[PDB]
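S.K.: To start, I am sharing the structure in question, which I have written as structure tokens.
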């Protein structure tokens, strides 16, 4: 053994508790934490940011808008972070699907006012066009 870092003895329990899928019978394991920490360093993000809940917020915010506009390889790295942050924020989650709902919930709640947008006014796009004929 080499002590812990990302998850302590108590936190470890929560990890083995969370189920990989909503209708499955498998739970998360250390192996899954590694793949995530690695994908980060590689992509460009740190790995020690998975210890603190705050740091995880910076990883979920980036992968958030990338979820829809990101390959599957980016989807797995996101679903994992959502769980890690939940464990640290002290949020009870049955499965991944539940961990995400809780995460996004905390963002949307703020987005409601962050994206209040201006008054009623249609977008007046500028005039532009191309051409290439006789």
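S.K.: Could you tell me which numbered condition residue 60 fails, if it satisfies all but one of (1) under 20 Å from residue 110 (Cα atoms); (2) free of Cβ contacts under 8 Å to residues at least 40 places away in the same chain; (3) within 15 Å of the chain's Cα centre (by Cα)?
M.R.: Among (1) under 20 Å from residue 110 (Cα atoms); (2) free of Cβ contacts under 8 Å to residues at least 40 places away in the same chain; (3) within 15 Å of the chain's Cα centre (by Cα), the lone unmet condition for residue 60 is (2).
S.K.: OK, next. Give me the pairs: first residue in the range 1-26 and over 22 Å from residue 48 (Cα atoms), second residue surrounded by fewer than 11 Cβ atoms within 10 Å (Cβ to Cβ), beta-carbon distance under 6 Å, and six or more apart or on different chains, which are they?
M.R.: Listed pairs, sorted by first residue: 20/26.
S.K.: Next up: State all residues of the range 68-105 that are outside any helix (DSSP H, G or I) and on the phi < 0 side of the Ramachandran plot; if no residue qualifies, say none. I'd like the intermediate steps shown before the answer.
M.R.: Step one: of the range 68-105, the residues outside any helix (DSSP H, G or I) are 68-71, 90-95.
Correct list: 68, 69, 70, 71, 91, 92, 93, 94, 95.
S.K.: Inspect the range 109-130 for any residue being in a helix (DSSP H, G or I) and either within 14 Å of the chain's Cα centre (by Cα) or closer than 16 Å to residue 5 by Cβ (or both) and give the result as yes or no. Don't jump to the end; show me each part of the working.
M.R.: Start the filter on the range 109-130 by keeping residues that are in a helix (DSSP H, G or I), which leaves 109-114.
Within this subset, residues satisfying the condition of being either within 14 Å of the chain's Cα centre (by Cα) or closer than 16 Å to residue 5 by Cβ (or both) are none.
Checked the range 109-130: no residue is in a helix (DSSP H, G or I) and either within 14 Å of the chain's Cα centre (by Cα) or closer than 16 Å to residue 5 by Cβ (or both).
S.K.: Still on this structure, I have one more. Looking only at residues that are free of Cβ contacts under 8 Å to residues at least 40 places away in the same chain and under 19 Å from residue 100 (Cα atoms) in the range 41-57, which one is surrounded by the fewest Cβ atoms within 10 Å (Cβ to Cβ)?
M.R.: Looking at the filtered set, the residue picked out is 54.
Positions of Cβ are generated from backbone atoms using ideal geometry, with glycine treated the same way; all protein chains shown enter the neighbour counts. The numbers here are math on the coordinates, done by the rules we state, and not lab data.
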